[PDB]
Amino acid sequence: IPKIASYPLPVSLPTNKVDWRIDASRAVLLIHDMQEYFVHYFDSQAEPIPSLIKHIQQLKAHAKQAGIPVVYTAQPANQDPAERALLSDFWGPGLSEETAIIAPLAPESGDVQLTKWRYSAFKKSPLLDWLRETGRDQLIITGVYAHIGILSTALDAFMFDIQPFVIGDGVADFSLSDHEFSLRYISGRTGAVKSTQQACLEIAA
């Protein structure tokens, strides 16, 4: 029995307050924590996982063709307890294995791989400095889990003057309810939610 019961990826997405559009010259695609460890909490042969993976694959292929850099985040194995700090009080010691990015989303030679220390991909990482150095100010966000690391990364991005585009059918979560609440929060407060379809159209311009 999977820890996360099967559910269908949302097709209907919340409306955005902002009119932002992805621009290939401005954007970076983040594939957030798509590690074996996190995916194994689902039955990966059941919804939402096959469609999630297909969508991220599509976004990655379009991003590549459009010249959008791709960045992965991954939590490290055997995170030092002192360094992991308060996370352990919420989740225990963390992963010891299954750290690899899932094979269908294998990073390629030019894709950046960041170590993920906290909910937000920005924390204790070079992400902000790299975005600022390169002048990239849009962050397209995919992966798991919507209400935790996806939301926290979007919040940091937005506060750092980086437009977050969270892909509504390009993330998954502990439940459909958590997933949909995450998208509502994002559209209402801290970014733009886009479908995979719409993001690909904006990317390809």
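Residue numbers run from 1 along the displayed sequence.
Please compare 125 to 133 with 107 to 115 and name the stretch with the higher mean C-alpha B-factor in the deposited structure. The entry gives the higher C-alpha B-factor average to 125 to 133.
**Asked** Mean C-alpha B factor from the entry: is it higher for 171 to 179 or for 58 to 66?
**Response** According to the entry, 58 to 66 carries the higher average C-alpha B-factor.
Highest Cα temperature factor in the entry, among the options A82, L87, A74, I102: which one is it?
Answer for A82, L87, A74, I102: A82, with the highest C-alpha B-factor.
According to the Cα B-factor stored in this entry, which of the following is highest: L139, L151, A46, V144?
That would be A46, according to the entry.
Practice prompt. Name the third of the chain's ranked CA B-factors that contains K17, choosing lowest, middle or highest.
Written response: Answer is highest: the recorded C-alpha B-factor places it there.
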